[PDB]
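# Geometric and topological summary
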There are 2 protein chains.
Amino acid sequence: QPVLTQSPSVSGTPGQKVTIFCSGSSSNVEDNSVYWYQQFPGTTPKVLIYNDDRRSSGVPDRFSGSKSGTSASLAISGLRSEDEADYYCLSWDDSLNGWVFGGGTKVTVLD
Amino acid sequence: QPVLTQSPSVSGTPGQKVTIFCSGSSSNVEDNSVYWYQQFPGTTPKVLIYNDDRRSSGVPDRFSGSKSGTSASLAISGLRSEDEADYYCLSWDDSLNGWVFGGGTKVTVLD
Ligand SMILES: CN1/C(=C/C=C/c2cc[n+](CCCS(=O)(=O)O)c3ccccc23)C(C)(C)c2ccccc21
Ligand SMILES: [Cl-]
Ligand SMILES: [Cl-]
(Lines give C-alpha, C1' and ligand atoms only; values in the text may rest on other atoms or scores of the structure.)
(Ligands and ions follow the chains in the order given, each with its own letter.)
Protein backbone atom coordinates (compact mmCIF):
# COMPACT_ATOMS: atom_id res chain seq x y z
CA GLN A 1 0.00 0.00 0.00
CA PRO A 2 1.05 3.62 -0.54
CA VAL A 3 3.40 4.94 2.13
CA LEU A 4 2.15 8.53 1.93
CA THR A 5 -1.46 9.16 2.88
CA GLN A 6 -3.87 10.85 0.49
CA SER A 7 -7.66 10.88 0.75
CA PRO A 8 -8.92 8.87 -2.21
CA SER A 9 -11.62 11.33 -3.26
CA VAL A 10 -12.31 15.04 -2.86
CA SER A 11 -15.09 17.09 -4.48
CA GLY A 12 -15.75 20.75 -5.13
CA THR A 13 -17.80 23.03 -7.34
CA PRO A 14 -16.39 25.50 -9.87
CA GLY A 15 -14.61 28.45 -8.29
CA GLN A 16 -14.11 26.79 -4.92
CA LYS A 17 -10.74 27.03 -3.22
CA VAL A 18 -9.82 23.45 -2.39
CA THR A 19 -6.54 22.16 -0.98
CA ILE A 20 -5.59 18.52 -0.97
CA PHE A 21 -3.21 16.97 1.51
CA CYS A 22 -0.32 14.51 1.47
CA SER A 23 0.44 13.14 4.92
CA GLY A 24 3.87 11.67 5.49
CA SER A 25 6.38 11.26 8.29
CA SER A 26 9.79 12.39 9.48
CA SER A 27 11.73 10.20 7.03
CA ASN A 28 9.92 11.29 3.87
CA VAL A 29 7.88 14.50 3.47
CA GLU A 30 9.52 16.27 6.42
CA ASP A 31 13.07 15.62 5.24
CA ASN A 32 12.85 15.52 1.45
CA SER A 33 11.64 17.28 -1.69
CA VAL A 34 7.99 16.61 -2.47
CA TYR A 35 6.67 16.37 -6.03
CA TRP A 36 3.08 16.38 -7.26
CA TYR A 37 1.72 15.09 -10.51
CA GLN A 38 -1.64 15.18 -12.27
CA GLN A 39 -3.00 12.18 -14.15
CA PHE A 40 -6.11 12.18 -16.31
CA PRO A 41 -7.52 8.68 -16.84
CA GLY A 42 -5.45 6.73 -19.38
CA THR A 43 -3.15 9.70 -19.93
CA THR A 44 0.55 10.35 -19.33
CA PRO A 45 1.07 12.18 -16.01
CA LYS A 46 2.10 15.83 -15.88
CA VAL A 47 4.39 16.93 -13.05
CA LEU A 48 2.80 20.01 -11.46
CA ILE A 49 5.13 20.75 -8.56
CA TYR A 50 8.77 19.89 -7.94
CA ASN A 51 11.06 20.67 -4.99
CA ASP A 52 8.12 21.15 -2.58
CA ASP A 53 6.77 24.40 -3.98
CA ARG A 54 8.07 25.08 -7.49
CA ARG A 55 5.49 25.10 -10.27
CA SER A 56 6.47 23.33 -13.48
CA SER A 57 6.16 25.07 -16.83
CA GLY A 58 2.86 24.22 -18.51
CA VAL A 59 0.76 24.35 -15.34
CA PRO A 60 -2.14 26.77 -14.64
CA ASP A 61 -1.35 29.46 -12.06
CA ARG A 62 -4.24 28.33 -9.82
CA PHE A 63 -2.05 25.42 -8.63
CA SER A 64 0.50 25.89 -5.85
CA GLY A 65 2.38 23.52 -3.58
CA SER A 66 3.60 23.86 -0.03
CA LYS A 67 4.68 21.93 3.06
CA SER A 68 3.96 22.04 6.80
CA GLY A 69 6.23 19.68 8.75
CA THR A 70 5.33 16.08 7.87
CA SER A 71 2.54 17.22 5.53
CA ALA A 72 2.51 18.57 1.98
CA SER A 73 -0.41 20.27 0.24
CA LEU A 74 -1.55 21.17 -3.26
CA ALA A 75 -3.82 24.21 -3.33
CA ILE A 76 -6.23 24.84 -6.19
CA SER A 77 -7.32 28.46 -6.07
CA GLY A 78 -10.56 28.29 -8.02
CA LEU A 79 -11.53 24.81 -9.14
CA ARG A 80 -12.34 24.38 -12.83
CA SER A 81 -14.01 21.46 -14.61
CA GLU A 82 -10.74 20.50 -16.33
CA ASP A 83 -9.18 19.94 -12.90
CA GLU A 84 -11.10 16.67 -12.56
CA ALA A 85 -8.15 14.27 -12.41
CA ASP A 86 -6.06 12.14 -10.04
CA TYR A 87 -3.33 13.99 -8.09
CA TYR A 88 -0.36 12.12 -6.63
CA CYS A 89 2.37 13.21 -4.23
CA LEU A 90 5.76 11.52 -3.85
CA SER A 91 9.12 11.98 -2.16
CA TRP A 92 12.25 10.12 -1.20
CA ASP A 93 12.09 8.21 2.08
CA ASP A 94 15.35 8.14 4.16
CA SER A 95 14.30 5.06 6.12
CA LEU A 96 12.96 2.92 3.27
CA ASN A 97 15.80 4.25 1.15
CA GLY A 98 13.54 4.58 -1.88
CA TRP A 99 10.68 6.50 -3.43
CA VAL A 100 7.35 6.67 -1.65
CA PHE A 101 4.01 7.73 -3.07
CA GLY A 102 0.51 8.62 -2.05
CA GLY A 103 -2.38 6.58 -3.42
CA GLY A 104 -3.70 9.59 -5.33
CA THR A 105 -6.61 11.94 -4.69
CA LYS A 106 -9.28 11.95 -7.37
CA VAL A 107 -10.79 15.40 -7.58
CA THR A 108 -14.38 15.50 -8.79
CA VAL A 109 -15.81 18.82 -9.95
CA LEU A 110 -19.57 18.92 -9.30
CA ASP A 111 -22.28 21.31 -10.47
CA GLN B 1 -3.00 34.64 8.87
CA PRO B 2 -3.84 31.26 10.46
CA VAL B 3 -0.84 29.30 11.67
CA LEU B 4 -2.51 25.93 11.01
CA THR B 5 -3.32 24.97 7.41
CA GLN B 6 -6.79 23.78 6.37
CA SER B 7 -8.49 23.56 2.98
CA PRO B 8 -10.70 26.64 2.67
CA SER B 9 -13.54 24.49 1.37
CA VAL B 10 -14.71 21.11 0.24
CA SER B 11 -18.01 19.72 -1.03
CA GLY B 12 -19.60 16.30 -0.86
CA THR B 13 -22.87 14.48 -1.38
CA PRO B 14 -24.89 12.69 1.30
CA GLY B 15 -23.18 9.54 2.55
CA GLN B 16 -19.73 10.47 1.27
CA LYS B 17 -16.66 10.27 3.47
CA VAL B 18 -14.84 13.56 3.86
CA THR B 19 -11.62 14.27 5.71
CA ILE B 20 -10.71 17.72 7.03
CA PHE B 21 -6.99 18.31 7.47
CA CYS B 22 -5.10 20.55 9.84
CA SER B 23 -1.38 20.75 9.22
CA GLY B 24 1.02 22.45 11.61
CA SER B 25 4.50 22.23 13.03
CA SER B 26 6.57 20.42 15.61
CA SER B 27 5.70 23.11 18.16
CA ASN B 28 1.91 23.04 17.84
CA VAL B 29 0.02 20.05 16.42
CA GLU B 30 2.82 17.55 16.90
CA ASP B 31 3.15 17.90 20.68
CA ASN B 32 0.03 19.73 21.86
CA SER B 33 -3.61 18.75 22.25
CA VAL B 34 -5.61 19.46 19.13
CA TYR B 35 -9.26 20.51 19.38
CA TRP B 36 -11.87 20.61 16.63
CA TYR B 37 -15.02 22.69 16.57
CA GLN B 38 -17.96 23.05 14.22
CA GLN B 39 -19.48 26.44 13.46
CA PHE B 40 -22.85 27.11 11.82
CA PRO B 41 -23.71 30.65 10.65
CA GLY B 42 -25.12 32.67 13.55
CA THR B 43 -24.98 29.67 15.87
CA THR B 44 -23.12 28.67 19.03
CA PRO B 45 -20.11 26.55 17.96
CA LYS B 46 -19.72 22.98 19.20
CA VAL B 47 -16.45 21.37 20.22
CA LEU B 48 -16.45 17.96 18.53
CA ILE B 49 -13.01 16.63 19.43
CA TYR B 50 -10.69 17.35 22.35
CA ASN B 51 -7.22 15.98 23.14
CA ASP B 52 -6.51 14.97 19.52
CA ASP B 53 -8.92 12.05 19.25
CA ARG B 54 -11.55 12.16 21.99
CA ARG B 55 -15.13 12.70 20.89
CA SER B 56 -17.18 15.12 22.98
CA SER B 57 -20.30 13.58 24.50
CA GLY B 58 -23.16 13.39 22.03
CA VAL B 59 -21.03 13.91 18.92
CA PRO B 60 -22.28 11.52 16.19
CA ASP B 61 -20.35 8.29 15.58
CA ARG B 62 -19.47 9.50 12.09
CA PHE B 63 -16.92 12.01 13.43
CA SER B 64 -13.41 10.94 14.36
CA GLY B 65 -10.22 12.82 15.08
CA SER B 66 -6.62 11.72 14.81
CA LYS B 67 -3.11 13.05 14.27
CA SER B 68 0.32 11.87 13.22
CA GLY B 69 3.54 13.85 12.94
CA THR B 70 2.67 17.53 12.50
CA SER B 71 -0.76 17.04 10.92
CA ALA B 72 -4.21 16.37 12.37
CA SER B 73 -7.46 15.34 10.71
CA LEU B 74 -11.18 15.11 11.31
CA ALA B 75 -12.95 12.38 9.36
CA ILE B 76 -16.68 12.56 8.70
CA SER B 77 -17.89 9.12 7.60
CA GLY B 78 -21.05 9.79 5.63
CA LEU B 79 -22.04 13.41 5.22
CA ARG B 80 -25.47 14.50 6.35
CA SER B 81 -27.11 17.85 5.57
CA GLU B 82 -26.65 18.88 9.19
CA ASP B 83 -22.89 18.56 8.68
CA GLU B 84 -22.78 21.61 6.42
CA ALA B 85 -20.65 23.85 8.60
CA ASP B 86 -17.19 25.41 9.05
CA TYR B 87 -14.72 23.07 10.81
CA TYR B 88 -11.77 24.56 12.68
CA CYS B 89 -8.79 23.07 14.45
CA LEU B 90 -6.70 24.72 17.17
CA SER B 91 -3.88 23.95 19.58
CA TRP B 92 -1.32 25.54 21.87
CA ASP B 93 1.95 26.54 20.20
CA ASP B 94 4.98 26.26 22.48
CA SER B 95 7.16 28.36 20.17
CA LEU B 96 4.78 31.32 20.01
CA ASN B 97 3.57 30.69 23.57
CA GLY B 98 -0.02 31.20 22.46
CA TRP B 99 -3.04 29.60 20.81
CA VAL B 100 -2.97 28.88 17.10
CA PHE B 101 -5.82 28.14 14.72
CA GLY B 102 -6.65 26.83 11.30
CA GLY B 103 -8.52 29.05 8.87
CA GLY B 104 -11.53 26.73 8.86
CA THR B 105 -12.81 24.33 6.22
CA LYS B 106 -16.31 25.11 4.97
CA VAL B 107 -18.07 21.87 4.09
CA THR B 108 -20.90 22.15 1.58
CA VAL B 109 -23.27 19.21 1.35
CA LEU B 110 -24.83 19.06 -2.11
CA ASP B 111 -27.98 17.25 -3.22
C1 LIG C 1 12.54 11.96 -8.53
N2 LIG C 1 11.30 11.87 -9.34
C3 LIG C 1 10.86 12.87 -10.12
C4 LIG C 1 11.55 14.22 -10.27
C5 LIG C 1 10.98 15.31 -11.15
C6 LIG C 1 11.73 16.41 -11.24
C7 LIG C 1 11.31 17.58 -12.05
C8 LIG C 1 10.06 17.57 -12.65
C9 LIG C 1 9.65 18.67 -13.40
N10 LIG C 1 10.45 19.73 -13.55
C11 LIG C 1 9.98 20.87 -14.35
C12 LIG C 1 10.55 20.78 -15.77
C13 LIG C 1 9.91 21.80 -16.71
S14 LIG C 1 10.35 23.35 -16.30
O15 LIG C 1 9.41 23.85 -15.27
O16 LIG C 1 11.73 23.35 -15.75
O17 LIG C 1 10.31 24.21 -17.51
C18 LIG C 1 11.66 19.77 -12.98
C19 LIG C 1 12.46 20.90 -13.15
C20 LIG C 1 13.72 20.97 -12.57
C21 LIG C 1 14.19 19.91 -11.80
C22 LIG C 1 13.39 18.78 -11.63
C23 LIG C 1 12.12 18.71 -12.21
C24 LIG C 1 9.57 12.49 -10.81
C25 LIG C 1 9.66 12.44 -12.33
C26 LIG C 1 8.40 13.34 -10.34
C27 LIG C 1 9.45 11.10 -10.27
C28 LIG C 1 8.46 10.16 -10.52
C29 LIG C 1 8.51 8.91 -9.89
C30 LIG C 1 9.55 8.61 -9.03
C31 LIG C 1 10.54 9.55 -8.78
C32 LIG C 1 10.49 10.80 -9.40
CL1 LIG D 1 -7.13 15.96 0.91
CL1 LIG E 1 -9.02 20.88 5.48
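Residues numbered from 1 in each chain as written, not as in the entry; some residues may be left out. Chains lettered and ligands numbered in written order. Heavy atoms only, no water. Residues with missing side-chain atoms left out of burial classes, pairs and counts.

Under the PDB entry, the name given to chain A is immunoglobulin variable lambda domain, and the source organism is Homo sapiens. For this structure, the PDB entry title reads "Fluorogen activating protein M8VL in complex with dimethylindole red".

### Focus on the interface of chain A and chain B
The interface is formed by 18 residues belonging to chain A together with 20 residues belonging to chain B. Secondary structure elements with two or more residues in the side of chain A that touches chain B: β1 (9–12) and β2 (17–23) of chain A. With five residues, β2 of chain A is the single largest residue contributor to the side of chain A that touches chain B. Residue classes in the side of chain A that touches chain B are distributed as four nonpolar, 11 polar and three charged. (Contact = heavy atoms within 4.5 Å. Helix = DSSP H or I, 4+ residues; strand = E, 2+ residues; numbered from the N terminus. Nonpolar A, V, L, I, M, F, W, Y, C, P; charged D, E, K, R; others polar.)

### A few points about the site of ligand 1
Residue and element names in this part refer to chain A. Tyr-35, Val-47, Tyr-50, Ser-56, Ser-57, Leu-90, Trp-99 and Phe-101 make up every residue found near ligand 1. The contact in question runs from an oxygen atom of ligand 1 to an N or O atom on the backbone of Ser-57, over 2.8 Å. Relative to its unbound accessible area of 680 Å², ligand 1 is 50% covered by the protein chains. Breaking the shell around ligand 1 down by element, the ones donating at least two residues are β4 (46–50) and β9 (98–101). Along the lines of polarity and charge, the residues of the shell around ligand 1 split into six nonpolar, two polar and no charged. (Near = heavy atom within 4 Å. Polar contact = N/O pair within 3.5 Å; in protein donor to acceptor, adjacent residues only side chain to side chain. Areas by Shrake-Rupley, 256 points an atom, 1.4 Å probe, with all protein chains shown as cover.)

### Things to note about the environment of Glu-84 of chain B
Residue and element names in this part refer to chain B. Turning to its location among the elements, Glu-84 is positioned in the loop between β7 (71–77) and β8 (85–93). We classify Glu-84 as partly exposed; its relative accessible area is 39%. Spatially, the C-alpha atoms of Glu-84 and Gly-12 are 9.6 Å apart, while their sequence positions differ by 72 residues. Sequence-distant contacts of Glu-84, defined by excluding residues within four places in its chain, comprise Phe-40, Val-107, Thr-108 and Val-109. (Buried < 20%, exposed > 50% of the residue type's maximum accessible area, 1.4 Å probe, protein only.)

### Concerning the pattern of salt bridges
Pairs can form between side chains of opposite charge whenever their charged atoms are close. Residue and element names in this part refer to chain A. Going through the model one piece at a time under the given rule, you end up with six salt bridges over all chains. Between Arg-62 and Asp-83 there is a salt bridge, with the nearest N and O atoms lying 2.8 Å from each other. Residue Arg-62 is found in the loop between β5 (54–55) and β6 (63–68), and its partner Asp-83 is found in the loop between β7 (71–77) and β8 (85–93); the two are separated by 21 residues along the sequence. Taking the relative accessible area as the measure of exposure, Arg-62 reaches 11% and is therefore buried. Looking at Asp-83, the relative accessible area reads 1%, which means it is buried. Look at the salt bridges and you will find they share partners, linking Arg-62, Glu-82 and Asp-83 into a network. (Salt bridge = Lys/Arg side-chain N within 4 Å of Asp/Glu carboxyl O.)

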